[PDB]
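Participant: Chains from the complex, first installment, not repositioned:
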Amino acid sequence: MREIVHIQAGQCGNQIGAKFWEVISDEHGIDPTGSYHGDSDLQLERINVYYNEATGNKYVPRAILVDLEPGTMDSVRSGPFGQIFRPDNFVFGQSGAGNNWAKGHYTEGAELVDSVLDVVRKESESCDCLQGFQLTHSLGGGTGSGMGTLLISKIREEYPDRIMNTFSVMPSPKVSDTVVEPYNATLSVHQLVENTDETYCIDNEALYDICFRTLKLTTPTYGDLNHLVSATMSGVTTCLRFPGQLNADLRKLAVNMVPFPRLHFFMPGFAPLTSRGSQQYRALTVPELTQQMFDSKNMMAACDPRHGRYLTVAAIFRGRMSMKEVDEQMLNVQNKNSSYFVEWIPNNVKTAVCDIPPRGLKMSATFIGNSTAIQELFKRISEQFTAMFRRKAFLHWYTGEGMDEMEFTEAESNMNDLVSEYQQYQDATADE
Amino acid sequence: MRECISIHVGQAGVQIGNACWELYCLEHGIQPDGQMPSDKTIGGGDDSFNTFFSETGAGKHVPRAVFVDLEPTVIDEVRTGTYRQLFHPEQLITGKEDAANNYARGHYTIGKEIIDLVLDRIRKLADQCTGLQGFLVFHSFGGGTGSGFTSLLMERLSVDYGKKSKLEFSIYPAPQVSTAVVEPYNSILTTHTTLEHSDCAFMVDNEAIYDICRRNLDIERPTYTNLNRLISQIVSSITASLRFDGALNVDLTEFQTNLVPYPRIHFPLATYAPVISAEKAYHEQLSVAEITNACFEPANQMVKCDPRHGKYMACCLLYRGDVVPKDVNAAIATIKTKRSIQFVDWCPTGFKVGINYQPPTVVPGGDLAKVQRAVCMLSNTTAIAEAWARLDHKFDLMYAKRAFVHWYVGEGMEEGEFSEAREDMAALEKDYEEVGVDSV
């Protein structure tokens, strides 16, 4: 029985995880107190993917909460679903990292990593057949990035055969909230490229653009961003929980999407999104979902796919629909946009179909792309990195905690090598 | 006694098996819970025929089947569905993750630790059986389980039983549409299994059946249920001769004899003629000549390959219903008269004919109309190689750069094996021409 251990780090990861546990909990029908009050018989069939079973017919999510500032933990406990989590999994300390990756990875997090790994081992030992992990955190921050990278390294050291997923929120061109985001982002990306099987890219700029242009909201908050992201996470792993005409495990996505080991940075997307005003106009059907999934403005990474090529894509549909229509639409998308797909991967579109849609919708779809345009994002960070590293803008904070220029240099070189490895396949006309 | 054992592997195999067992239960008047009211209603005869069902003491009938899959989901659907009380509880789920579109996972690492249990169940079923005729294996290329575990199972079955026939019904990848990126690797790596161990393998294509549904049955949005029902009709037409009386009956051995000119050539195509909707069932005679001609139409082939680009080497027609030898003789003469259908120089005989009295049934809630006559044509021809060639090209496009190879190599497979499979396939492609050449 496949099931997932869940880890949350930092403020962004903690909040996204809280919202995610509210969404999954609806689909499966779980009371905030922990009891089950569903209506369908298929909600409890595979509930063990996320939830352990307690004595009194309760269900406890298999989540791990990590931070160095206690305050966020309180915000989780004093909330709509604060009592659902078991208190033993609230692992935290004091004197947070303060947006310093060195404190998160080397000085402060090195003490709390033992306790976090203890709780992770305790959860993973009880697993019937542990599939893999998934971590939510922010690369541009402090405790989140550092402790996420450290935990990822330790877990890959101890569990080499299991899947290691990751949902990362990285910096943006215009949206910036810390002065030292490039250093943290560069070091985090250097750590992630080695020790991770899948990494979904999320950008606040793309989510705000979706909210303003697609959903037409006027005053979006972080709740809406968490809503979209949690919808994506629930969309990714639908097939482990519910039956379908053609299933798609996590390993199937990993195999079909990753041509070479270092190219595992994905662009996610979700459909439909209708703004609550145009819901009565559009007809809902497979062609509409196909059109919305591949639209450039619907992506969550703020990287235009038209500036590169799609190495691979995966489409996970939820709902009762015909397979012939899905296959025809995917073939049409391949054929019409002939110049945005690579010429040495015939039929580079993975397809999955699940028969149980979300509770309020007749149809839905999730899109996981893998394209060269992601290089742009890395290039941007690299540019900013140089602009601070050449003069050593803030390096004394990092070197005071037990680092040196050599780690910065090797991280920058690794990032540049990854950026070069994407471009290779980016240009057309492989001959000269 | 006449009987054959059905094995279903993977999601495609399990769903085709669901359709097949629905059709069999409807045909023989067996209720979903295994009881047969006809036994008490009539008090005689033989309705729970032993070709597919075994009767216990209490009157229950249990099918002779072995479902296998690495995912628990697809068979857990069966274990809690309409037919939960029919099958034996031994359903052989591997309580782990799945092959993940990898030959290596389903053949080397995870395919083992479940193969022994499957062979034990097959041994029990064979011991129950008297005068076993063969195995009907349902699987699918492209999928990791349907490829790797099929290879393991066929190897072990050939080692153990050897002389019993083994027929495949497999879903070859389509030329254009597909549901995975690593389909060509999985499909190519099954060449050794499908060539050396299988005695006669039937291939079907999703695109061809979609076109058949769109054109004939006027179904604009078909799903896999229709495909499974059509394939079930094919299999039932093939195996009908072991169950019901007929003017000319054709069992599996004599069936194989008149369809394999050489050992390395056992890859025929299959077609079902009277695929027609209920509304279009009127306005048409549906005589023997019409269905015989429709069997030879390129548009109705179940695999995307044109018979007009090659030569027919053997044909076996299996008729059901109100059919008489005069009409089939006339139809065969008319087909021989046509010049578009080219037969090889070294097979003057051409056709094998079998006739059965039991007409095809109609599943409730289905799409095929009730008909008085039907025919299934199985043709060994040279055109199939063209389809293979297309797939081979795709394989090359992914192997020149070693894309996705590390996933296979990390689970025990060696690199050169890839190359090896390709030459093996190439050798097959050279034998399915060197035979079509006119003699001198």
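Facilitator: Structure received. Numbers count the residues shown, from 1 in each chain, chains lettered A, B, ... in the order given.

Participant: Can you report how many residues neighbour residue A:335?
Facilitator: By other Cβ atoms under 10 Å in any protein chain shown, the residues close to residue A:335 number 10. Backbone N, C-alpha and C define where each C-beta goes, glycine included.

Participant: Looks to me like it is in a strand.
Facilitator: No - remark: residue A:335 does not belong to a strand; assigned using DSSP: H, G, I helix; E, B strand; the rest coil, it is helix.

Participant: so how far is residue B:437 from it?
Facilitator: Using Cβ to Cβ, to the nearest Å, residue A:335 is found at 37 Å from residue B:437.

Participant: can you give me the strands in the chain?
Facilitator: As the question left the chain open, I've gone with chain A. In chain A, the segments counted as strands under DSSP state E are A:2-9, A:51-53, A:59-61, A:63-67, A:90-92, A:129-138, A:163-169, A:199-202, A:265-271, A:310-319, A:349-354, A:363-371.

Participant: my question was about chain B
Facilitator: B:3-9, B:53-55, B:61-63, B:65-68, B:132-140, B:165-171, B:200-204, B:269-272, B:312-321, B:351-356, B:373-381.

Participant: ok and the last one relative to strand B:200-204, angle-wise?
Facilitator: Translated: strand B:373-381. 110 degrees (axes from the mean of the first three to the mean of the last three Cα atoms, to 10 degrees).

Participant: Residue 273: what's its closest spatial neighbour, skipping adjacent residues?
Facilitator: Let's take chain A. residue A:214 (4.8 Å; Cβ to Cβ, 6 or more residues apart in numbering or on different chains).

Participant: my bad, the chain I had in mind was chain B
Facilitator: residue B:291 is the one closest to residue B:273 (Cβ to Cβ, 6+ apart), at 3.7 Å.

Participant: Give me the neighbour count for the closest residue to residue B:144 other than its chain neighbours.
Facilitator: Nearest non-adjacent residue to residue B:144, counting by Cβ to Cβ, 6+ apart: residue B:99, 2.6 Å away. A total of 31 residues lie near residue B:99 under the criterion other Cβ under 10 Å.

Participant: contacting residues around the closest residue in space to residue B:411 that isn't next to it in sequence?
Facilitator: Counting by Cβ to Cβ, 6+ apart, residue B:104 is the residue found nearest to residue B:411 once chain neighbours are left out, at 3.6 Å. Neighbouring residues of residue B:104 by Cβ atoms under 8 Å, 6 or more residues apart in numbering or on different chains: B:148, B:407, B:408, B:409, B:410, B:411, B:412, B:413.

Participant: Closest to the centroid, which residue in the chain?
Facilitator: Just going to use chain A. residue A:167 (2.3 Å; Cα atoms, centre = their mean).

Participant: nope, chain B please
Facilitator: Closest-to-mean residue, chain B, Cα atoms, centre = their mean: residue B:169 / 2.3 Å.

Participant: how close does it get to residue B:5?
Facilitator: For residue B:169, the distance to residue B:5 - Cβ to Cβ - is 14 Å.

Participant: Are there residues contacting both of the two? Which ones?
Facilitator: In contact with both residue B:169 and residue B:5: residue B:136, using Cβ under 8 Å, 6+ apart.

Participant: Contacts only, for residue B:417.
Facilitator: By Cβ under 8 Å, 6+ apart, the contact list for residue B:417 reads residue B:189.

Participant: quick one on the thing from earlier: distance check, the residue nearest to the centre of chain B against residue B:91.
Facilitator: Counting by Cβ to Cβ, the gap from residue B:169 to residue B:91 is 20 Å.

Participant: Chain C goes on too:
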Amino acid sequence: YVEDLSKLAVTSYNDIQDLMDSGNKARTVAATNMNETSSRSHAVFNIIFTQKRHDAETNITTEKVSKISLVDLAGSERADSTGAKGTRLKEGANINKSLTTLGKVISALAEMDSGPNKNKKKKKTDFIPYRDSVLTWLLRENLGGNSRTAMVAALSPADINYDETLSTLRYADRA
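Facilitator: One more piece, chain C, placed on the ones above:
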């Protein structure tokens, strides 16, 4: 480079011979059907040599520094003939991975150093996947760049091994 690598000073042939014996003892070796002493890990033996010329007027001390690198790679395996199961299988898988990437690098390198040299001289851009494995990463300067390198290929005369043996020759033909 490899951080915290015990670089031992030696002065005589007997001492380095003792180091060699200890190192060969310390390696990981396991028995399989193909060989009773099948190696389970790649090995790199490095000798750092320093040549000094002393003069109080003009000459420069430490005239030359050289690195002698002898590399013994675990060979590719096939699960059917090897008969591996469990750990012996998993190890082999890693070995095969560490070889497959290496082959790509060799092929990649060859084409580039064939192309720019023979084609025109464009030198636009060519990516070599050095980072896909630690073996290719550590030998970045050895397979290409700042060193003089020799490749010794081992063959098997057995007829049954033909389909494998030829493969080696092909890469050797590109080496």
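
Participant: again for the contacts of residue B:417, since chain C is there now?
Facilitator: By Cβ under 8 Å, 6+ apart, the neighbours of residue B:417 are B:189, C:78.

Participant: picking up where we left off before, from chain C, how far out is the residue nearest to the centre of chain A?
Facilitator: Look at residue A:167 and chain C: by Cβ to the nearest Cβ, to the nearest Å, they are 24 Å apart.

Participant: Could you list the contact residues of the stretch 1-150 of chain A toward chain B?
Facilitator: A:1, A:2, A:45, A:46, A:128, A:129, A:131 (Cβ under 8 Å from any Cβ of the partner chain).

Participant: Bridge partners for residue 64, pull those for me.
Facilitator: You didn't pick a chain, so chain A it is. On the basis of DSSP bridges, residue A:64 is bridged to residue A:7.

Participant: nope, chain C
Facilitator: residue C:51.

Participant: Wait, it touches residue C:48, no?
Facilitator: No - the criterion here is Cβ atoms under 8 Å, and residue C:64 misses it with residue C:48 at 11.5 Å.

Participant: Surely residue C:175 touches residue C:106?
Facilitator: Yes - counting by Cβ under 8 Å, residue C:175 does reach residue C:106; the two are 6.4 Å apart.

Participant: Could you give the separation of the longest helix seen in chain B from the chain centroid?
Facilitator: Assignment by DSSP state H gives helix B:10-28 as the longest helix of chain B. Relative to its chain's centre, helix B:10-28 lies at 12 Å (Cα atoms, centre = their mean, to the nearest Å).

Participant: Convert the C-alpha atoms of it to CSV, please.
Facilitator: Output of helix B:10-28 as CSV, limited to C-alpha atoms (Å, rounded to 0.1, in the frame of the first residue of the first chain):
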residue,chain,number,x,y,z
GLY,B,10,-1.7,-5.5,-16.2
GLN,B,11,-4.5,-3.0,-16.4
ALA,B,12,-5.3,-3.6,-20.0
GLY,B,13,-5.4,-7.3,-19.5
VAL,B,14,-7.6,-7.1,-16.4
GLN,B,15,-10.1,-4.8,-18.1
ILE,B,16,-10.2,-7.0,-21.3
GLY,B,17,-10.8,-9.9,-18.9
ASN,B,18,-13.7,-8.1,-17.2
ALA,B,19,-15.3,-7.7,-20.6
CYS,B,20,-14.5,-11.2,-21.6
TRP,B,21,-16.0,-12.8,-18.5
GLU,B,22,-19.1,-10.6,-18.8
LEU,B,23,-19.6,-12.0,-22.3
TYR,B,24,-18.9,-15.6,-21.1
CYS,B,25,-21.3,-15.4,-18.2
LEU,B,26,-24.0,-13.9,-20.5
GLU,B,27,-23.4,-16.6,-23.1
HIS,B,28,-23.6,-19.6,-20.8
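
Participant: Would you tell me which residues of chain B are close to chain A?
Facilitator: B:11, B:71-74, B:76-77, B:95-98, B:100-102, B:176-184, B:206, B:210, B:213-214, B:221-224, B:394, B:397-398, B:400-401, B:403-404, B:406-407.

Participant: run the last query once more with 6 Å
Facilitator: Contact residues (Cβ under 6 Å from any Cβ of the partner chain) of chain B with chain A: B:73, B:77, B:96-98, B:100-101, B:176-181, B:210, B:221-224, B:394, B:397, B:401, B:403-404, B:407.

Participant: Which of the residues you listed fall in helices?
Facilitator: B:73, B:77, B:210, B:224, B:394, B:397, B:407.

Participant: Now render the residues you listed as a markdown table, adding distance to chain C.
Facilitator: Below are these laid out as a markdown table (distance: Cβ to the nearest Cβ, whole Å):
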| residue | distance to chain C |
| --- | --- |
| B:73 | 28 |
| B:77 | 33 |
| B:210 | 38 |
| B:224 | 34 |
| B:394 | 21 |
| B:397 | 17 |
| B:407 | 10 |
